[PDB]
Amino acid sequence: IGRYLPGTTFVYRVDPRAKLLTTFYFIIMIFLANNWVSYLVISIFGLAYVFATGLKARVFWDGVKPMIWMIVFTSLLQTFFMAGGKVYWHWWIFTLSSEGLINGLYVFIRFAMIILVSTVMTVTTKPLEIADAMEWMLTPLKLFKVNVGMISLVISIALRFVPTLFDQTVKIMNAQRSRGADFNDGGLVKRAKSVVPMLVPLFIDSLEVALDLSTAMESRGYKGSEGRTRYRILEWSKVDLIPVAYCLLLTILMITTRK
């Protein structure tokens, strides 16, 4: 892990499909905005999405942190819009302007909006819930050669066994740290070697688990992917009308402000 926690339990956070669609529809709705009332509209909806769904404001810093100073430079670069073309002149041409300032503030809100809607996608949903949604969006390509039975299987196992192989590594790490071992001493020719004492155990293990699982899967009567039911499915709850309204209302507001 990896994060974040599904609610403890907070209100909403239901039906990853609709919320993931709302996540994808919103980042498309982040684009297609030509006015200051456009950026006003898309700002106070994604905003209203956040604290009506109530999360502590401090949890959003974790997503913004890595991209901050580069994106400041983006917004700093485009706050200077000057001489886009026809001036390869003059002296110091670049200068502060409101046109750039409002451009630079556009890019802050245009960029930061994708780290709001998407952050609440991860925070408010289990990883399997997202995967369940992901495989549903993936479905319509069944018409092509792509069988998706094994694609959904490989995903389901990796998502399942990523936690375990992690915890097995720490155990292996501390194991070699006890009889050995120092991992940080300086060198190129030197400390590439330190990877092996964790890796071979982890790879030996990961082979040992692929053995034990493939055997159990068949002793549970796994013939193949073809045509055997499903236990775990997704519903459509009553709460799912909120994101259809929230998405459909904002549509017209964004339409007016685009044009």
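Start at 1 with the first residue shown and count on from there.
Across the two stretches, 180 to 188 and 166 to 174, the PDB entry reports the greater mean Cα temperature factor for 180 to 188. For the segment pair 6 to 14 and 234 to 242, the entry gives 6 to 14 the higher mean B-factor, averaged over Cα atoms. Of the residues listed, 229, 53, 206, 215, the entry assigns the biggest Cα temperature factor to 53.
Ranking 134, 116, 109, 82 by the C-alpha B-factor listed in the PDB entry places 82 at the top. Looking at the C-alpha B-factors along this chain, the one for residue 197 belongs to the lowest third. Per the PDB record, residue ranking by Cα B-factor puts residue 21 in the lowest third of the chain. Remark: residue 122 belongs to the lowest third of its chain, ranked by C-alpha B-factor as recorded. Compared with the other modelled residues of the chain, the Cα B-factor recorded for residue 138 ranks in the middle third.
Residue 221: CA B factor lies in the lowest third for its chain, per the PDB record.
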